[PDB]
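Engineer: Structure provided below as structure tokens; questions to follow.
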Ligand SMILES: Nc1ncnc2c1ncn2[C@@H]1O[C@H](COP(=O)(O)OP(=O)(O)O)[C@@H](O)[C@H]1O
Ligand SMILES: Nc1ncnc2c1ncn2[C@@H]1O[C@H](COP(=O)(O)OP(=O)(O)O)[C@@H](O)[C@H]1O
Ligand SMILES: Nc1ncnc2c1ncn2[C@@H]1O[C@H](COP(=O)(O)OP(=O)(O)O)[C@@H](O)[C@H]1O
Ligand SMILES: [Mg+2]
Ligand SMILES: [Mg+2]
Ligand SMILES: [Mg+2]
């Protein structure tokens, strides 16, 4: 099949082509793994909550590190709250409070300007995207932690 | 900086936004003085001393050197408007710049750019929908009057302004002479098939329309005739020179007695071709290739005209008009070469005319189809070039009017009506898109303001009068006919422009609005610039 | 990340990270870099407290192993015969770009393409070289179209 | 860094641009206005190659000047367009354009928009044309005395007036010998068949027009005759020698006899070629290419005279004069292509150089003009004057109408416009009169060059033209009095006046529409 892309400028044509490629790759990801998950920052906040709970179980220095991992997952919701002109502290606190007492599909609604169920707004994404992102990020950090020198060569 | 070793320069935040806006504004300020029947022209001089006189937005923006991207976007916008439609290349830049300025005024307040973008899109869609109520069907009017008025309106503000009637009649006749007979689902009018030639000399009122075709070429030799009454025309696409063998073939001689008969053959083969052409009664032969001096003698003796180095497109137009057939070779569906008399065109007269110390060729009254050409006279070369550029606009406008049977008033009636309607319609949204729609409506109002300012009139009072009249038109249905009162610039008062005869195709307005909105949206989204250092 | 020219050797790895995601998913190229940066930021306090980098790496691996399980437990199965879910996923992936306003035109097309190239009964992956994108200047973004045939430029 | 948007382009706008354009145009007009009328003085100019131009023609002055302001370039261009279109009047057009542009800033400085001035000028041009056509006078072209009078009136201003009765005759004859009708009804007076040859020395009174042509060539071999009474002439476009083909020809020989054999065949070729000429029994052979020595041998054996390497233009003129036509293959030479209209072929020496004259033609349609004189500069000026005279003759032959000179036409048109303008209302009344009063700069200048009182003569002439039938009164440019052009006899063609007025008005209209300038924009 062929797609013909039209536009009034070269730059907008390039951006349109990139966007169409994004959508095509998303559908391909959905084909690869028949699984769906809720967007809008819900996975990150739930991950932070559950890892904070899990940290209490562990004992020793390891516990501290796990807690740090959890605190590094709330950057995505906070950013989503900042870009929309919302208050990040209140928004993230409300997200955590609502995720800690039941329903796990809460998220940031920019149309409503607040916090609400995310499936009612019909924003979803594949699971492979999140899983691959987390795995690659963790592997890259582990690789970076192994370095202790810089040498200038020819 | 410190972080992000980039060996470039980075700008972020309102700063870059403001900078971008200023760039756009500058471009508008270059052309704002060339809009309307009162605006004047521009002179451009390069580094070596060539002078170009023009008031065409596309030409000015193409000849300038620009390097800020936010201005190159507008330059390409003007080029696209020229390609798609062919008129209104100055108004679209003004509209886009004003939209960008009014949107930045809101974005300086804590209004998110996405809301402005959505409001702009909604306003553009609704304005395009509403314009289809201001239409006039040209078949309802008398067709010739509508066409003449459209052409004369397009021609105003150009060097051929006061001569609007003469050139309007010429343009309408030339366009009607080119109408082609398609499948008959819809007729088509292929403009730029009408040749335009320039020759300085007599006054511009001595420009002529030729019912036929005009070639900027001269006869091959001074011994040939220079006028044929009943013309039989053969069009060729190959050179008539003494034959040479191709790269693969070579001559090796071991017996001297066989040399001479070879050297004759090279001079004979081509002759045997020419006779085949001349045996069918052909008088005029046109060739895109060259003709040797040895071959010109056959035409000279036979009493015929031969023209060499004819452009391909001119040959295509001549062959299509006169009914002839273009031949790249004489070979047929058998092994031999023949020339038949059924592939000859017929013309009622062929002349070589003299114009201001040079010569050119006229082919008059072709029989297969009608064709046209225009010869433009002026004081010098700059004037003639400006007239050609002006005439192209009128030809394109008349083509658009004929293809799409609808016209729209001019002078600023559309802008005032749309501003009133969109300002009224913005109340129903009741959101942050209301502000964006109101700014769209207020930005549409820059055209009548510029028109009044260029005429050195009171812009504020005149625009207020227009808005009051159109407001009284939108309510109180018994006065619906006030939606056509435009603007009169030679006296400074409104006047009914539909009866006054100021018309324009609706496609101009539609495409200008769409393209301007797209450009404003695509520029309104940038919040960070990174400029890398040269290598 | 590719169009800039990052000079630091560490920052020259993050770009590669994004590349990897583009190969695997085609979406979430920004989120992976954000997450990597946040983890490396959180590592500083642990380094100051006297933790050894090896312990940090092991704890990050443990946290990743728990997070994958949590995310998998979040998910929800989908079937390719439901076009509404595919449309929702595509329009979610498409509403962050300049062409969001044209989503009601670009969302179905994409889906259509992916359903005209694969065999849904046995599809295990998609070849995107079977879909050709042609860029043509002129018009507006509202003029993109889907051709079930052949398009040539010469 | 240096944030820029247009890369060092220089922009100017406002009233300063209009004032600068008008000032530049007036400055251009100021250089020339001393060269109008029968009392003009010459100017000498130096060209970049070291020569000298001592001239009086307006175009010859303007085209030798380098300038930067675009308005001056426009003025020079209109000068050269006037020169090309009609050939005369390249001084009055510049002065008229300058005056018409000068009388406009008075309205521009009184907050009046340029478009109003443009409309007024365009309205006035049509009335100028109609009034010019109203006072025209027809001329009979079969009266030679009247034609000589017109040509003389055209050349009383230039430097060859001291020999006017000579030059006039020359000009007339030349034109009458080139008027030519051919297939169809197309008549032409093409001036590429009237060649001017200059030979320094002698005296100017020996200049003449030959019934024939004249070339700078000599016989190929000394034994050829240099004096033939009634020659038959064939013209060739090819070379009488053996040349190579172009089909990548090679020869491989293995036998003793082949080499010499090949060298013989070439000669045999030449022989048959020469025979194909001798079959027509001619006396003169003219070719544009070379001639081999063996061909000269054969032709001399056949008692022929040969010339080599004549230019294509000279061959075309000889063909048109003697009555032959050019042939490129001798095998296709007929009797109809042999020219028998000549009456003498002679070869003389003119100051250590050989020249060939083909003269005494029965009815030639091409001619040559032989000029003698003191040096090169004088002959160049005489050539320019002869060009002016012949162009005037052609113009009068293509359009037999006449209008009075000396300023009668300008004052008549000005009076007509002034009388017509009092029937109009509105602002456009005032620019409309201005152009009318801009037509009085032609008589005034004349008076200033004669050395008379312009303030009294102009008002006397204006009062004289107010009467009912005085449309032919003007200024005697040699004494400084008022005289009727009927008795003085200064008449000029209508085409020159029409072109002058049209070009001047259109140049003013073009220059009134500029509003800003942009420079240094890299193409
Ligand atoms: N006779 C007239 N009266 C009032 N307005 C006019 C008249 N003729 C043209 N216009 C206006 O001039 C504008 C077009 O200006 P123009 O110089 O042709 O540039 P462009 O059409 O390329 O934008 C149109 O908006 C039209 O309304
Ligand atoms: N309508 C929406 N409301 C709230 N969040 C959204 C919406 N659409 C997309 N998002 C969020 O935007 C995030 C990423 O968007 P995007 O800018 O494309 O980053 P990336 O390219 O890394 O995916 C996703 O996590 C998703 O949850
Ligand atoms: N004897 C004369 N008396 C008065 N005016 C004359 C006389 N001869 C020529 N003129 C005028 O001189 C003008 C010609 O100007 P001239 O110096 O020849 O250059 P140009 O012909 O290029 O203007 C004509 O308008 C003509 O009326
Ligand atoms: Mg226009
Ligand atoms: Mg994304
Ligand atoms: Mg003169």
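Here chain D follows Swiss-Prot for its numbers: 6-528, in order, are the residues you see.
Keep in mind that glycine also has a Cβ here, set from the backbone N, Cα and C atoms.
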Engineer: Looking at phosphoserine as annotated by Swiss-Prot, pick the matching residue from D:45, D:107, D:243.
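Structural biologist: Per Swiss-Prot, the residue annotated as phosphoserine is D:243.
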Engineer: May I ask you to find which of D:42, D:217, D:356 Swiss-Prot records for the ADP site already listed with D:94, D:95, D:96, D:97, D:162, D:163, D:411, D:482, D:483, D:497, D:502?
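Structural biologist: Candidate listed by Swiss-Prot for the same site: D:42.
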Engineer: Quickly, which of D:248, D:353, D:469, D:507 does Swiss-Prot have down as SUMO2 cross-link? Just give the residue.
Structural biologist: D:248
Engineer: Can you count the other CB atoms that lie within 10 A of the CB of residue D:247 (phosphotyrosine)?
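Structural biologist: Neighbour count, Cβ to Cβ under the 10 Å cut-off: 14.
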Engineer: Around residue D:430 (phosphothreonine), how many other CB atoms lie within 10 A of its CB?
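Structural biologist: Step by step: centre on the Cβ of residue D:430 (phosphothreonine), count other Cβ atoms within 10 Å, giving 7.
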Engineer: Between residue D:430 (phosphothreonine) and residue D:97 (ADP binding site), how many Å separate their Cα atoms?
Structural biologist: 32
Engineer: List nothing but the largest Cα to Cα distance in Å, as a whole number, among the residues D:42, D:94, D:95, D:96, D:97, D:162, D:163, D:411, D:482, D:483, D:497, D:502 that the record says bind ADP.
Structural biologist: 22
Engineer: I need the nearest neighbour of residue D:372 (disulfide bond) among the recorded positions D:94, D:96, D:222, D:243, D:497, using C-alpha distances.
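Structural biologist: That would be D:222, the closest of D:94, D:96, D:222, D:243, D:497 to residue D:372 (disulfide bond).
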Engineer: By a simple count, how many Cβ atoms lie within 10 Å of the Cβ of residue D:366 (disulfide bond), its own Cβ left out?
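Structural biologist: Residue D:366 (disulfide bond) is surrounded by 22 other Cβ atoms within 10 Å.
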Engineer: Do the recorded positions D:42, D:97, D:222, D:247 include any whose Cβ comes within less than 8 Å of a Cβ in chain B, and which?
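Structural biologist: From D:42, D:97, D:222, D:247, none lies near chain B.
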Engineer: According to DSSP, does residue D:411 (ATP binding site) sit in a helix, a strand, or coil?
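Structural biologist: In the DSSP reduction, residue D:411 (ATP binding site) maps to coil.
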Engineer: Of the recorded positions D:93, D:96, D:459, D:497, which one sits closest to residue D:252 (phosphoserine) when you measure Cα to Cα?
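Structural biologist: Among D:93, D:96, D:459, D:497, D:93.
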Engineer: For residue D:222 (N6-acetyllysine) and residue D:411 (ATP binding site), determine the Cα separation and express it in whole Å.
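Structural biologist: Distance between the two Cα atoms comes out at 47 Å.
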Engineer: Do you know offhand how many angstrom separate residue D:366 (disulfide bond) and residue D:497 (ATP binding site) by C-alpha?
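Structural biologist: Answer for this pair: 33 Å between alpha carbons.
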Engineer: Which residues in the same chain, at least 6 apart in sequence, have a Cβ under 8 Å from the Cβ of residue D:93 (Mg(2+) binding site)?
Structural biologist: D:159, D:393, D:396, D:397, D:400, D:501
Engineer: For the binding-site residues listed here (D:42, D:94, D:482), tell me which residue's CB has the most neighbouring CB atoms inside 10 Å.
Structural biologist: D:482
